[PDB]
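Sequence positions, counted from 1, serve as the residue numbers for this chain. Both backbone and side-chain heavy atoms feed into the values below; hydrogens, waters and symmetry mates do not. Indexing begins at 1, ligand by ligand and atom by atom, following the structure's order.
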Amino acid sequence: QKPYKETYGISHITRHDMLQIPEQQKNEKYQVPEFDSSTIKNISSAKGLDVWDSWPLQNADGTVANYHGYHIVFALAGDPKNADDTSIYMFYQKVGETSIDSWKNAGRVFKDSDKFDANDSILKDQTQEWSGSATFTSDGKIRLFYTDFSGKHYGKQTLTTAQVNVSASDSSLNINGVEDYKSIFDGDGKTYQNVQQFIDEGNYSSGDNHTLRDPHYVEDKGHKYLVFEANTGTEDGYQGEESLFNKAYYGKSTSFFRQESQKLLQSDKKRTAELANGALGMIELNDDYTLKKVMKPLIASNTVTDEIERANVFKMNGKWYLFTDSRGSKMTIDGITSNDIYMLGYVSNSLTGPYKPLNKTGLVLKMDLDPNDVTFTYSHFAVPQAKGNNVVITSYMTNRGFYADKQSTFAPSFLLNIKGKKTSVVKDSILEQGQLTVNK
Ligand SMILES: [Ca+2]
């Protein structure tokens, strides 16, 4: 194949930028702070469940919602002994409370029968409920977005929505049921990979990693959008042998492309790089939360990784910030190790781009603790605040199923300062486990 250059009109996580991160991450400004293990508790109301990926009910701009005097957090939870047991639970606290013990458990959002009652062909084949977002609508409704995962159908992932009906009193919140429960998007082949394309390759034994998940709701000028984890399709730079010859994925210069591409082609990461075509996708929704328009990806990670998770985007003090989490173990970049886990980040003057890397490289947070460390954290997520230069970073702590007495739980939150195209972790800014806002 001959070298070429094609950006497909989207932004790219380039090899040159990623190569700078191993040295840069030694700076404490870009590091998840050390946590004190003797302060860490299980979520008392979870009654022995692992509780991992979590997200707050948000207003349209990403700030934390107030539902009838309560904060609400949705989270994946399940039996630590069963890695395929994943359902969405709803936790809640009175606004003003900060202790992890303040989080009550309203239980599962869904009954097993809900996916059938929905009259939705894709939903009736669901086996797990994976991550998403939740927005608090202008008419006072809890509008959930999540990932319908189907183990029956080779790990199909479908962006899904429902309204969660919740009664509020002075003491409790109670889930009454759901409505408007429907599949929104399962890929289109041309812009975002679908599960058939995964099956074409030989599914899991191909080494390909198909994703279409973690939908994050946001609005701009009254238009409604989901930004989500995906993989590219056939028309915006697909996986394949030819992808390694696209200079847009390398950056820097032709000299760098020649050197880096020849190294990659000679390496044991050639196949991994060919398969790697992660993307942060975007769709516009209609006012009833159905699909209006498939839009081009905000950014892609061709050759670098197939898996960029927990898509997040919001406007803060005049700029738009786009984040994603990614494991070094699934990357193909020299100097990045299997211990390294990142939140990467990008900035634009507009929701729809173009996005350029924060801190020159894309690095925002680095966590490299051993998987066995009780204070291991993952699924880092920046929660915008109503005012100021800080966001709150939430994450889950402790790997699923590792310890009998220490379950996956809410990590201590901490602060990230954002100004312009730069970020820095705020010194000694550790908050309570699962704390969503600085204000209280
Ligand atoms: Ca792929």
Side-chain angles (χ1 to χ4, degrees), residues 4 6-15 17-18 130-131 147-151 154-159 185-189 191-215 227-241 243-251 260-261 264-265 267-283 294-311 322 324-333 336 338 341-342 344 362:
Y4 62 103
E6 182 54 70
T7 63
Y8 304 97
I10 66 168
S11 302
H12 301 279
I13 299 181
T14 67
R15 298 192 71 80
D17 288 349
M18 294 300 294
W130 287 6
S131 309
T147 303
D148 163 358
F149 177 82
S150 181
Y154 296 100
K156 189 183 179 74
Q157 292 150 66
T158 299
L159 310 189
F185 189 57
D186 78 333
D188 68 342
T191 314
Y192 303 107
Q193 195 188 49
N194 59 37
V195 75
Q196 183 52 53
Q197 286 167 309
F198 182 57
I199 293 162
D200 285 340
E201 304 272 2
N203 64 96
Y204 294 104
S205 57
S206 73
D208 201 18
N209 180 8
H210 173 69
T211 76
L212 187 67
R213 62 174 175 254
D214 300 3
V227 173
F228 51 93
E229 168 172 19
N231 299 88
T232 59
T234 55
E235 297 188 355
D236 54 359
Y238 202 46
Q239 63 197 36
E241 293 179 20
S243 74
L244 302 198
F245 299 91
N246 188 346
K247 294 186 190 181
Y249 304 150
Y250 291 76
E260 178 72 4
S261 68
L264 181 57
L265 290 163
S267 75
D268 64 2
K269 294 284 168 191
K270 175 178 179 288
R271 172 67 170 167
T272 300
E274 290 166 344
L275 289 160
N277 70 325
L280 303 184
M282 188 180 254
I283 60 177
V294 178
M295 300 174 70
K296 68 188 184 178
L298 296 186
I299 197 161
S301 62
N302 294 84
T303 86
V304 174
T305 180
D306 227 359
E307 192 175 272
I308 41 174
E309 314 194 290
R310 291 303 305 272
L322 174 67
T324 179
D325 299 322
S326 207
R327 292 177 189 274
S329 64
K330 297 189 188 193
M331 294 176 184
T332 60
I333 300 297
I336 293 179
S338 59
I341 287 163
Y342 301 103
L344 306 173

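For the Ca ion (ligand 1), protein N/O/S neighbours under 3.0 Å (waters excluded) are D208 OD1, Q239 OE1, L275 O, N277 OD1, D306 OD1, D306 OD2.
Between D236 and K296 there is no salt bridge, since no side-chain N of the basic residue sits under 4.0 Å from a carboxylate O of the acidic one. The pair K270-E241 does not count as a salt bridge, with every side-chain nitrogen at least 4.0 angstrom from each carboxylate oxygen. Under the 4.0 Å criterion applied to side-chain N and carboxylate O atoms, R213 and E307 are assigned as salt-bridge partners.
A heavy-atom distance below 4.5 Å is found between the side chains of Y238 and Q193. Between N302 and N246 the shortest side-chain heavy-atom distance does not fall below 4.5 Å.
In terms of modelled atom types and a separation under 3.5 Å, the side chain of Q157 and the main chain of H210 share a donor-acceptor contact.
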